[PDB]
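With compact mmCIF, C-alpha atoms and all ligand atoms inside, this is model.txt:
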# COMPACT_ATOMS: atom_id res chain seq x y z
CA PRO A 1 89.88 126.60 111.74
CA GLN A 2 93.46 127.30 110.80
CA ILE A 3 95.95 124.81 112.28
CA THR A 4 99.72 125.41 112.67
CA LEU A 5 102.02 122.36 112.52
CA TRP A 6 104.12 122.63 115.70
CA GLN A 7 102.21 119.68 117.18
CA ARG A 8 100.60 116.73 115.28
CA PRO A 9 97.37 117.99 113.63
CA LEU A 10 94.97 115.78 115.62
CA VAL A 11 91.19 116.16 115.28
CA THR A 12 88.15 114.50 116.90
CA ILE A 13 86.11 112.17 114.60
CA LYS A 14 82.81 110.36 114.94
CA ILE A 15 82.60 107.17 112.89
CA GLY A 16 80.21 104.20 113.41
CA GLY A 17 78.78 105.83 116.60
CA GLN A 18 82.30 106.02 118.09
CA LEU A 19 84.51 108.97 118.96
CA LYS A 20 88.10 108.74 117.83
CA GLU A 21 91.11 111.00 117.52
CA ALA A 22 92.80 111.18 114.10
CA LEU A 23 95.66 112.76 112.21
CA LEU A 24 95.02 115.19 109.32
CA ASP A 25 97.50 113.74 106.89
CA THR A 26 98.22 115.47 103.56
CA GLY A 27 100.71 112.65 102.82
CA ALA A 28 98.01 109.92 102.89
CA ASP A 29 95.94 109.18 99.78
CA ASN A 30 93.60 107.08 101.92
CA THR A 31 91.86 107.20 105.29
CA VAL A 32 93.11 104.46 107.64
CA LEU A 33 91.58 103.66 111.01
CA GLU A 34 92.80 101.45 113.85
CA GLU A 35 90.94 98.19 114.60
CA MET A 36 87.26 98.94 115.05
CA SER A 37 83.78 97.52 114.51
CA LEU A 38 82.21 98.98 111.35
CA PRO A 39 78.83 97.73 110.06
CA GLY A 40 78.41 96.34 106.51
CA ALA A 41 80.23 94.51 103.71
CA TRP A 42 83.96 95.09 103.07
CA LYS A 43 86.60 94.20 100.45
CA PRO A 44 90.17 92.93 101.01
CA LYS A 45 92.86 95.56 100.25
CA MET A 46 96.59 96.15 100.78
CA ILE A 47 98.17 99.59 101.24
CA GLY A 48 101.81 100.69 101.35
CA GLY A 49 103.58 102.88 103.91
CA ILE A 50 107.23 103.80 104.56
CA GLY A 51 107.46 101.02 105.84
CA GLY A 52 106.09 97.94 104.11
CA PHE A 53 102.46 96.99 103.58
CA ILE A 54 99.46 96.36 105.82
CA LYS A 55 96.33 94.28 105.19
CA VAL A 56 93.19 96.43 105.71
CA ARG A 57 89.41 96.02 105.42
CA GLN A 58 87.98 98.40 102.79
CA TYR A 59 84.62 100.12 103.54
CA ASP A 60 82.89 102.35 100.93
CA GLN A 61 80.36 105.21 101.41
CA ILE A 62 81.03 105.54 105.19
CA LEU A 63 79.74 108.64 107.01
CA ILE A 64 82.41 110.27 109.13
CA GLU A 65 82.19 113.50 111.12
CA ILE A 66 85.59 115.28 111.02
CA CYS A 67 85.97 118.16 113.47
CA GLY A 68 82.18 118.83 113.15
CA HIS A 69 82.22 118.64 109.34
CA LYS A 70 80.29 115.74 107.77
CA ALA A 71 81.96 113.73 104.96
CA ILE A 72 81.25 110.46 103.10
CA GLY A 73 84.01 108.26 101.66
CA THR A 74 86.08 105.08 101.68
CA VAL A 75 87.51 104.26 105.11
CA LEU A 76 90.19 101.53 105.55
CA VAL A 77 90.53 99.63 108.88
CA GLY A 78 93.59 97.67 109.98
CA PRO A 79 96.76 97.51 112.13
CA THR A 80 97.73 101.20 111.84
CA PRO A 81 99.28 102.74 115.02
CA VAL A 82 97.44 106.07 114.45
CA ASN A 83 94.05 107.03 112.88
CA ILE A 84 94.77 108.81 109.57
CA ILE A 85 92.43 111.08 107.66
CA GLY A 86 93.90 111.09 104.13
CA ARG A 87 93.13 113.29 101.15
CA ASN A 88 90.04 111.40 99.94
CA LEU A 89 88.30 112.84 103.09
CA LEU A 90 90.39 116.07 103.52
CA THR A 91 89.03 117.38 100.19
CA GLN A 92 85.48 116.77 101.54
CA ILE A 93 85.97 119.15 104.48
CA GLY A 94 87.58 121.84 102.26
CA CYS A 95 91.02 121.34 103.73
CA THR A 96 93.90 123.32 102.09
CA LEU A 97 97.60 123.86 102.84
CA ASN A 98 98.83 127.48 103.08
CA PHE A 99 102.48 128.58 103.13
CA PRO B 1 100.61 129.72 97.88
CA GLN B 2 97.44 127.91 98.89
CA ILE B 3 97.29 124.25 97.87
CA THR B 4 94.14 122.07 97.61
CA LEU B 5 94.37 118.31 98.23
CA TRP B 6 92.70 116.80 95.11
CA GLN B 7 96.20 115.73 94.00
CA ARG B 8 99.31 114.85 96.06
CA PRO B 9 100.76 118.16 97.39
CA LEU B 10 104.08 117.93 95.51
CA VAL B 11 106.68 120.72 95.65
CA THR B 12 110.17 121.30 94.23
CA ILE B 13 113.16 121.19 96.67
CA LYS B 14 116.79 122.10 96.31
CA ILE B 15 118.94 120.05 98.69
CA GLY B 16 122.73 119.45 98.46
CA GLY B 17 122.83 121.26 95.07
CA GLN B 18 120.17 118.85 93.69
CA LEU B 19 116.58 119.38 92.55
CA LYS B 20 113.91 116.98 93.77
CA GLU B 21 110.15 116.67 94.08
CA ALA B 22 108.74 116.15 97.58
CA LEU B 23 105.39 115.57 99.30
CA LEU B 24 104.19 118.16 101.89
CA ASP B 25 103.25 115.70 104.58
CA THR B 26 101.36 116.87 107.68
CA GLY B 27 101.27 113.24 108.92
CA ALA B 28 105.10 113.02 109.02
CA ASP B 29 107.03 114.32 112.05
CA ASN B 30 110.26 113.99 110.07
CA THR B 31 111.56 114.82 106.60
CA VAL B 32 112.60 111.68 104.71
CA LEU B 33 114.51 111.67 101.44
CA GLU B 34 115.17 108.90 98.89
CA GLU B 35 118.84 107.69 98.76
CA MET B 36 121.09 110.59 97.77
CA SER B 37 124.59 111.93 98.41
CA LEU B 38 124.68 114.44 101.28
CA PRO B 39 128.06 115.79 102.50
CA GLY B 40 129.31 115.47 106.13
CA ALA B 41 128.67 113.36 109.27
CA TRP B 42 125.47 111.40 110.10
CA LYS B 43 123.90 109.25 112.85
CA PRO B 44 122.12 105.88 112.48
CA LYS B 45 118.33 106.01 112.99
CA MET B 46 115.19 103.91 112.67
CA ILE B 47 111.85 105.47 111.71
CA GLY B 48 108.41 103.86 111.84
CA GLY B 49 105.56 104.29 109.39
CA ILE B 50 102.64 102.19 108.22
CA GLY B 51 104.00 98.73 107.35
CA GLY B 52 107.02 98.76 109.68
CA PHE B 53 110.42 100.45 109.96
CA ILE B 54 113.25 101.63 107.72
CA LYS B 55 116.93 102.31 108.50
CA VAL B 56 117.82 105.95 107.67
CA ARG B 57 120.88 108.23 107.80
CA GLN B 58 120.32 111.26 110.05
CA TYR B 59 121.75 114.65 108.93
CA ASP B 60 121.39 117.73 111.20
CA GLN B 61 121.26 121.44 110.30
CA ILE B 62 120.82 120.75 106.55
CA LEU B 63 119.82 123.68 104.30
CA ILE B 64 116.77 122.90 102.24
CA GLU B 65 115.05 125.15 99.70
CA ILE B 66 111.33 124.25 99.74
CA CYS B 67 109.32 125.90 96.98
CA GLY B 68 111.63 128.97 97.07
CA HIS B 69 111.51 129.19 100.89
CA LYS B 70 114.80 128.59 102.73
CA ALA B 71 114.76 126.29 105.80
CA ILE B 72 117.41 124.56 107.97
CA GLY B 73 116.68 121.31 109.83
CA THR B 74 117.11 117.58 110.29
CA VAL B 75 116.79 115.61 107.03
CA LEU B 76 116.64 111.77 106.97
CA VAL B 77 118.03 109.75 103.99
CA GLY B 78 116.87 106.19 103.32
CA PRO B 79 114.79 103.75 101.22
CA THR B 80 111.53 105.80 101.20
CA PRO B 81 109.56 105.51 97.91
CA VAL B 82 108.65 109.24 98.00
CA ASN B 83 110.48 112.35 99.29
CA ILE B 84 108.62 113.62 102.36
CA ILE B 85 108.75 117.09 103.88
CA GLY B 86 107.58 116.51 107.46
CA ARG B 87 106.49 118.95 110.15
CA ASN B 88 110.03 119.76 111.36
CA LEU B 89 110.47 121.67 108.05
CA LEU B 90 106.80 122.61 107.37
CA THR B 91 106.80 124.90 110.45
CA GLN B 92 109.85 126.66 108.92
CA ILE B 93 107.99 127.73 105.76
CA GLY B 94 104.90 128.95 107.68
CA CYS B 95 102.81 126.02 106.53
CA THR B 96 99.25 125.83 107.99
CA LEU B 97 96.21 123.56 107.41
CA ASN B 98 92.98 125.43 106.61
CA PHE B 99 89.49 123.94 106.56
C1 LIG C 101 98.72 105.56 104.81
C2 LIG C 101 99.11 105.87 103.39
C3 LIG C 101 98.15 105.65 102.28
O1 LIG C 101 96.92 105.15 102.56
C4 LIG C 101 98.54 105.95 100.97
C5 LIG C 101 99.80 106.46 100.68
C6 LIG C 101 100.74 106.69 101.69
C7 LIG C 101 100.45 106.41 103.03
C8 LIG C 101 101.47 106.68 104.10
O2 LIG C 101 101.89 105.75 104.78
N1 LIG C 101 101.86 107.95 104.27
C9 LIG C 101 102.80 108.41 105.28
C10 LIG C 101 104.02 109.06 104.62
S1 LIG C 101 105.08 107.83 103.92
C11 LIG C 101 104.62 107.67 102.29
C12 LIG C 101 105.01 106.53 101.57
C13 LIG C 101 104.63 106.39 100.23
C14 LIG C 101 103.87 107.38 99.60
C15 LIG C 101 103.48 108.51 100.31
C16 LIG C 101 103.85 108.66 101.65
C17 LIG C 101 102.06 109.36 106.21
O3 LIG C 101 101.67 110.55 105.52
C18 LIG C 101 102.86 109.73 107.45
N2 LIG C 101 102.81 108.64 108.43
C19 LIG C 101 101.55 108.75 109.21
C20 LIG C 101 101.42 107.61 110.22
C21 LIG C 101 101.22 106.27 109.49
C22 LIG C 101 101.21 105.09 110.45
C23 LIG C 101 102.44 105.07 111.35
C24 LIG C 101 102.61 106.39 112.11
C25 LIG C 101 102.64 107.60 111.16
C26 LIG C 101 103.98 107.63 110.41
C27 LIG C 101 104.03 108.67 109.28
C28 LIG C 101 105.29 108.39 108.49
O4 LIG C 101 105.28 107.64 107.52
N3 LIG C 101 106.38 109.03 108.94
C29 LIG C 101 107.69 109.07 108.31
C30 LIG C 101 108.56 110.03 109.11
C31 LIG C 101 108.30 107.67 108.37
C32 LIG C 101 107.60 109.57 106.87
Could you express the structure from this file as structure tokens?
Amino acid sequence: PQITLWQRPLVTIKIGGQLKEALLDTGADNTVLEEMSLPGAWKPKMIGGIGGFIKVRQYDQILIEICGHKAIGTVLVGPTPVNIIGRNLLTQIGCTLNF
Amino acid sequence: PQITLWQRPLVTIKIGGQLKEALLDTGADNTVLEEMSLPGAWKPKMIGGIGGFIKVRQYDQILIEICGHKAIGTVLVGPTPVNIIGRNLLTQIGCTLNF
């Protein structure tokens, strides 16, 4: 899939048995998900936006299906208004920018 | 140019006679620039990211030279830690996501 940028680049994801919609976000170093139930141990973490900072729960080695592509990585969960797939996961699904 | 996402997708911009580095940011609807001197009138604006909101100055129909591609559009100036080229300007340089 090629994707133009006239609308937000939103994709379907499956994480922890759940279907979510998420933003492909070349500006995000990290993947950040809205409040959800993920199984397993987590670490405290703080990440910075535009913005200020939010407190998130850090989860390592999480399987996530992004637009029908499987990828494993660190997922962060916390009070983000929008699900963000950052570059740690974008590189796993072979995502490039072209201009 | 094609650009992988193993590093931050940073490009050179010329805006208001000045050279800057900026992040190609598919997760940003707007272009946001660190405090700088831009000539002419502006409007007050508030923009939300992760962490909260920042007060910005809104400038319309600004000429921006992104990686040797000329584009005109709305640029926002305010206390962002990184220069962001959002989708309003990404569509002007024929920027697509490929995976
Ligand atoms: C989530 C995240 C990380 O995990 C790591 C590094 C940065 C970020 C981060 O917040 N990145 C953002 C750009 S703002 C930015 C600030 C500093 C460095 C790089 C980018 C997102 O790419 C875009 N970001 C995605 C999304 C984040 C939650 C709030 C709604 C949007 C808002 C949008 C945004 O901020 N828009 C502006 C117009 C204000 C620029």
Residues of chain B that have any atom at most 8 Å from an atom of ligand LIG 101 (chain C): could you tabulate them with the shortest-distance atom pair and the distance in Å to one decimal, using only C-alpha atoms and all ligand atoms, ordered by chain and increasing number, as JSON lines?
{"residue": "B:23", "atom": "CA", "partner": "C:LIG101", "partner_atom": "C15", "distance": 7.4}
{"residue": "B:25", "atom": "CA", "partner": "C:LIG101", "partner_atom": "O3", "distance": 5.5}
{"residue": "B:26", "atom": "CA", "partner": "C:LIG101", "partner_atom": "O3", "distance": 6.7}
{"residue": "B:27", "atom": "CA", "partner": "C:LIG101", "partner_atom": "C18", "distance": 4.1}
{"residue": "B:28", "atom": "CA", "partner": "C:LIG101", "partner_atom": "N3", "distance": 4.2}
{"residue": "B:29", "atom": "CA", "partner": "C:LIG101", "partner_atom": "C30", "distance": 5.4}
{"residue": "B:30", "atom": "CA", "partner": "C:LIG101", "partner_atom": "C30", "distance": 4.4}
{"residue": "B:31", "atom": "CA", "partner": "C:LIG101", "partner_atom": "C30", "distance": 6.2}
{"residue": "B:32", "atom": "CA", "partner": "C:LIG101", "partner_atom": "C32", "distance": 5.8}
{"residue": "B:47", "atom": "CA", "partner": "C:LIG101", "partner_atom": "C31", "distance": 5.3}
{"residue": "B:48", "atom": "CA", "partner": "C:LIG101", "partner_atom": "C31", "distance": 5.2}
{"residue": "B:49", "atom": "CA", "partner": "C:LIG101", "partner_atom": "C23", "distance": 3.8}
{"residue": "B:50", "atom": "CA", "partner": "C:LIG101", "partner_atom": "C22", "distance": 3.9}
{"residue": "B:51", "atom": "CA", "partner": "C:LIG101", "partner_atom": "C22", "distance": 7.6}
{"residue": "B:52", "atom": "CA", "partner": "C:LIG101", "partner_atom": "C23", "distance": 8.0}
{"residue": "B:53", "atom": "CA", "partner": "C:LIG101", "partner_atom": "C31", "distance": 7.7}
{"residue": "B:54", "atom": "CA", "partner": "C:LIG101", "partner_atom": "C31", "distance": 7.8}
{"residue": "B:80", "atom": "CA", "partner": "C:LIG101", "partner_atom": "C12", "distance": 6.6}
{"residue": "B:81", "atom": "CA", "partner": "C:LIG101", "partner_atom": "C13", "distance": 5.5}
{"residue": "B:82", "atom": "CA", "partner": "C:LIG101", "partner_atom": "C14", "distance": 5.4}
{"residue": "B:83", "atom": "CA", "partner": "C:LIG101", "partner_atom": "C16", "distance": 7.9}
{"residue": "B:84", "atom": "CA", "partner": "C:LIG101", "partner_atom": "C32", "distance": 6.1}
{"residue": "B:86", "atom": "CA", "partner": "C:LIG101", "partner_atom": "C30", "distance": 6.8}
Using all C-alpha atoms paired in order, least-squares fit chain B onto chain A and give me the moved copy as a compact mmCIF listing (two decimals) with C-alpha atoms, in the frame of the given file.
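Once written, superposed.txt looks like this:
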# COMPACT_ATOMS: atom_id res chain seq x y z
CA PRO B 1 89.85 126.59 111.74
CA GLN B 2 93.46 127.23 110.80
CA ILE B 3 95.96 124.75 112.24
CA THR B 4 99.74 125.26 112.60
CA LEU B 5 102.10 122.26 112.44
CA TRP B 6 104.21 122.63 115.63
CA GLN B 7 102.26 119.65 117.02
CA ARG B 8 100.61 116.69 115.23
CA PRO B 9 97.39 118.01 113.59
CA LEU B 10 94.98 115.86 115.65
CA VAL B 11 91.19 116.18 115.30
CA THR B 12 88.14 114.46 116.81
CA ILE B 13 86.09 112.11 114.55
CA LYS B 14 82.76 110.41 114.97
CA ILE B 15 82.61 107.19 112.95
CA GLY B 16 80.17 104.26 113.43
CA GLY B 17 78.75 105.93 116.59
CA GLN B 18 82.28 106.08 118.11
CA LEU B 19 84.56 108.99 119.01
CA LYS B 20 88.20 108.85 117.95
CA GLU B 21 91.23 111.08 117.50
CA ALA B 22 92.77 111.21 114.02
CA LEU B 23 95.73 112.80 112.23
CA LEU B 24 95.02 115.20 109.30
CA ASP B 25 97.47 113.68 106.87
CA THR B 26 98.24 115.43 103.57
CA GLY B 27 100.77 112.66 102.76
CA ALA B 28 98.06 109.94 102.87
CA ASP B 29 95.88 109.26 99.80
CA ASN B 30 93.60 107.11 101.96
CA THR B 31 91.93 107.28 105.37
CA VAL B 32 93.16 104.49 107.66
CA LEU B 33 91.60 103.61 111.00
CA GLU B 34 92.84 101.43 113.88
CA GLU B 35 90.90 98.12 114.33
CA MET B 36 87.25 98.88 115.08
CA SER B 37 83.77 97.48 114.46
CA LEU B 38 82.16 98.93 111.32
CA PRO B 39 78.80 97.54 110.11
CA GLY B 40 78.23 96.04 106.61
CA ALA B 41 80.24 94.53 103.71
CA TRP B 42 83.97 95.10 102.96
CA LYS B 43 86.68 94.23 100.41
CA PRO B 44 90.24 92.96 101.09
CA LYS B 45 93.00 95.51 100.39
CA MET B 46 96.73 96.08 100.80
CA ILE B 47 98.14 99.57 101.41
CA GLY B 48 101.79 100.65 101.31
CA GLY B 49 103.52 103.15 103.55
CA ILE B 50 107.05 103.67 104.82
CA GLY B 51 108.29 100.32 106.15
CA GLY B 52 106.12 98.06 103.98
CA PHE B 53 102.47 97.02 103.67
CA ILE B 54 99.48 96.28 105.89
CA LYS B 55 96.31 94.25 105.21
CA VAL B 56 93.19 96.44 105.65
CA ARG B 57 89.40 96.08 105.40
CA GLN B 58 87.90 98.42 102.78
CA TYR B 59 84.54 100.11 103.57
CA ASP B 60 82.86 102.35 100.93
CA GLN B 61 80.45 105.29 101.38
CA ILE B 62 81.08 105.52 105.16
CA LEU B 63 79.79 108.61 107.00
CA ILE B 64 82.49 110.31 108.99
CA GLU B 65 82.18 113.42 111.17
CA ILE B 66 85.55 115.21 111.05
CA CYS B 67 85.84 118.10 113.50
CA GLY B 68 82.08 118.82 113.16
CA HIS B 69 82.19 118.61 109.34
CA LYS B 70 80.21 115.76 107.74
CA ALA B 71 81.90 113.72 104.97
CA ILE B 72 81.16 110.43 103.14
CA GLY B 73 83.94 108.29 101.65
CA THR B 74 86.12 105.19 101.65
CA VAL B 75 87.52 104.34 105.10
CA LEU B 76 90.18 101.61 105.60
CA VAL B 77 90.36 99.55 108.86
CA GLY B 78 93.56 97.77 109.89
CA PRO B 79 96.64 97.60 112.16
CA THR B 80 97.71 101.28 111.78
CA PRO B 81 99.24 102.77 114.99
CA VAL B 82 97.44 106.11 114.42
CA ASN B 83 94.07 107.04 112.86
CA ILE B 84 94.75 108.85 109.57
CA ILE B 85 92.41 111.14 107.67
CA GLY B 86 93.82 111.06 104.13
CA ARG B 87 93.13 113.27 101.12
CA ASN B 88 90.00 111.37 99.99
CA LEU B 89 88.26 112.89 103.07
CA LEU B 90 90.35 116.10 103.46
CA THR B 91 88.96 117.42 100.14
CA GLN B 92 85.45 116.88 101.59
CA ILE B 93 85.99 119.28 104.51
CA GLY B 94 87.57 122.00 102.32
CA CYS B 95 91.03 121.36 103.70
CA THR B 96 93.88 123.41 102.11
CA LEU B 97 97.63 123.82 102.80
CA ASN B 98 98.76 127.44 103.22
CA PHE B 99 102.36 128.66 103.28
Here is a test: counting all atoms listed in the file, which residue of A:66, A:41, A:71, A:90 is nearest to residue A:22?
A:66
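Of note, atom CA of residue A:70 and atom CA of residue A:40 are spaced 19.5 Å apart.
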Quick one: residues within 9 Å of residue B:59, all atoms listed in the file, excluding same-chain residues fewer than 2 positions away - as a list in words?
residues 38, 40, 41, 42, 43, 57, 61, 62, 73, 74, 75, 76 and 77 of chain B
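Nearest residue to chain B, choosing from A:15, A:89, A:56, A:97 and counting only C-alpha atoms: A:97.
Pairwise distance (atom CA of residue B:44, atom CA of residue B:78) equals 10.6 Å.
Nearest-residue note for residue B:72: choosing from B:19, B:93, B:11, B:36, the minimum distance belongs to B:93, counting only C-alpha atoms.
The shortest atom-to-atom distance to residue B:69, with only C-alpha atoms taken into account, belongs to B:13 out of B:85, B:8, B:21, B:13.
From atom CA of residue A:3 back to atom CA of residue B:91, the distance works out to 11.0 Å.
Between chain A and the residues B:92, B:2, B:63, B:12, the shortest atom-to-atom distance, using all atoms listed in the file, involves B:2.
Take the candidates A:65, A:45, A:1, A:6 and check each one against residue A:18 using only C-alpha atoms; the shortest distance goes to A:65.
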When you get a chance, write out N, CA, C and O atoms for stretch 22-37 of chain B, as an mmCIF file, in the frame of the given file.
data_model
loop_
_atom_site.group_PDB
_atom_site.id
_atom_site.type_symbol
_atom_site.label_atom_id
_atom_site.label_comp_id
_atom_site.auth_asym_id
_atom_site.auth_seq_id
_atom_site.Cartn_x
_atom_site.Cartn_y
_atom_site.Cartn_z
ATOM 1 N N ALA B 22 109.062 116.644 96.243
ATOM 2 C CA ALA B 22 108.740 116.150 97.580
ATOM 3 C C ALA B 22 107.285 116.428 97.984
ATOM 4 O O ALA B 22 106.657 117.408 97.552
ATOM 5 N N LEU B 23 106.765 115.535 98.821
ATOM 6 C CA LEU B 23 105.390 115.570 99.300
ATOM 7 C C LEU B 23 105.323 116.376 100.603
ATOM 8 O O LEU B 23 106.047 116.065 101.549
ATOM 9 N N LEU B 24 104.486 117.426 100.639
ATOM 10 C CA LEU B 24 104.190 118.160 101.890
ATOM 11 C C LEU B 24 103.260 117.317 102.760
ATOM 12 O O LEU B 24 102.096 117.103 102.412
ATOM 13 N N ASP B 25 103.793 116.851 103.883
ATOM 14 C CA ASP B 25 103.250 115.700 104.580
ATOM 15 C C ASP B 25 103.003 116.022 106.054
ATOM 16 O O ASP B 25 103.893 115.877 106.901
ATOM 17 N N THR B 26 101.776 116.462 106.339
ATOM 18 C CA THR B 26 101.360 116.870 107.680
ATOM 19 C C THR B 26 101.320 115.695 108.665
ATOM 20 O O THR B 26 101.439 115.897 109.861
ATOM 21 N N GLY B 27 101.199 114.475 108.137
ATOM 22 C CA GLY B 27 101.270 113.240 108.920
ATOM 23 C C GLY B 27 102.666 112.734 109.270
ATOM 24 O O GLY B 27 102.800 111.768 110.032
ATOM 25 N N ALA B 28 103.708 113.380 108.738
ATOM 26 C CA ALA B 28 105.100 113.020 109.020
ATOM 27 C C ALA B 28 105.737 114.017 109.997
ATOM 28 O O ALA B 28 105.714 115.243 109.768
ATOM 29 N N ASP B 29 106.306 113.495 111.079
ATOM 30 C CA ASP B 29 107.030 114.320 112.050
ATOM 31 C C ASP B 29 108.389 114.697 111.516
ATOM 32 O O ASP B 29 108.965 115.702 111.952
ATOM 33 N N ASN B 30 108.907 113.872 110.599
ATOM 34 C CA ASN B 30 110.260 113.990 110.070
ATOM 35 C C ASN B 30 110.243 114.195 108.550
ATOM 36 O O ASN B 30 109.249 113.885 107.868
ATOM 37 N N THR B 31 111.353 114.708 108.030
ATOM 38 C CA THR B 31 111.560 114.820 106.600
ATOM 39 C C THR B 31 112.393 113.632 106.154
ATOM 40 O O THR B 31 113.442 113.366 106.734
ATOM 41 N N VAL B 32 111.913 112.895 105.160
ATOM 42 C CA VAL B 32 112.600 111.680 104.710
ATOM 43 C C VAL B 32 112.855 111.732 103.211
ATOM 44 O O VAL B 32 111.928 111.937 102.415
ATOM 45 N N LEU B 33 114.111 111.529 102.831
ATOM 46 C CA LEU B 33 114.510 111.670 101.440
ATOM 47 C C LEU B 33 115.031 110.350 100.884
ATOM 48 O O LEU B 33 115.718 109.605 101.591
ATOM 49 N N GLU B 34 114.661 110.057 99.636
ATOM 50 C CA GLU B 34 115.170 108.900 98.890
ATOM 51 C C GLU B 34 116.715 108.923 98.883
ATOM 52 O O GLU B 34 117.307 110.010 98.974
ATOM 53 N N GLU B 35 117.364 107.754 98.782
ATOM 54 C CA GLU B 35 118.840 107.690 98.760
ATOM 55 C C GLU B 35 119.478 108.748 97.852
ATOM 56 O O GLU B 35 119.130 108.876 96.671
ATOM 57 N N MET B 36 120.388 109.517 98.444
ATOM 58 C CA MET B 36 121.090 110.590 97.770
ATOM 59 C C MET B 36 122.413 110.856 98.486
ATOM 60 O O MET B 36 122.597 110.441 99.635
ATOM 61 N N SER B 37 123.321 111.553 97.809
ATOM 62 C CA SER B 37 124.590 111.930 98.410
ATOM 63 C C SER B 37 124.466 113.266 99.130
ATOM 64 O O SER B 37 124.249 114.301 98.494
#
